[PDB]
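A single chain, nothing else alongside it, follows as structure tokens in the form deposited in one PDB entry.
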């Protein structure tokens, strides 16, 4: 199977290899996605509730007006070139969605060296697939469980759109004598490299010293 990646809401056309360019054609599409209860067979004539979802074109290609999460899966076409030449087509479809620009909430105006502090919470909404959030300190990435650095992550899927909302709360134990004016930032990285990482506006808290 060849891997195909389409953006949610965008149209998708799957070619039927070895199919006659004009009707009538001897072919059948069989797909297994989130819409199909099992294997759904689509004929050149079609006819049903699938016509507004997935339709076979006059040239034999499968057409989806607007792909969705429900349309992820396997698409296979078995065509018959006149005779008895037969050609198979195998497609693996994955979809994606870019979230809005990540925002930092509950950010600390100031913080104290030597003790755990709540730096802030990064929030990303409307992404598929889920993806990951990652914090950065002055350009370099921060890693959990190392030197008082910890995160409190959670992922939540919207009941209707099926899109994901990410939340990452950063906590750091600043080194005494360290940088009094550190720069923090959160970045969103998608599952597949379909686009570049999305980074928050930086937060620049003050580091005060304990009495």
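Between two forms, the rigid core is the largest collection of C-alphas that superpose within 1.5 Å. Numbering follows the first chain given and starts at 1. Shifts are known only where both forms have a C-alpha.
Form deposited with a small molecule bound: not shown, discussed below.
In the entry with it bound, residue 97 stays away from the small molecule, with no heavy atom inside 4.5 Å. Contact check for residue 127: every heavy atom lies farther than 4.5 Å from the small molecule in the entry with it bound.
Within this chain, residue 56 lines the site of the small molecule in the entry with it bound, having a heavy atom no more than 4.5 Å away. When the small molecule is considered in the entry with it bound, residue 65 lines it closely, a heavy atom lying within 4.5 Å.
Of the stretches 101 to 109, 129 to 137, 114 to 122, 73 to 81, only 73 to 81 has residues with a heavy atom within 4.5 Å of the small molecule in the entry with it bound. After superposing the rigid core, the Cα of residue 199 is displaced by less than 2 Å between the shown form and the other one. Comparing the shared residues between the shown form and the other one on a common core, the stretches of 3 or more consecutive C-alphas each displaced by at least 2 Å are 82 to 84, 192 to 195, listed in sequence order.
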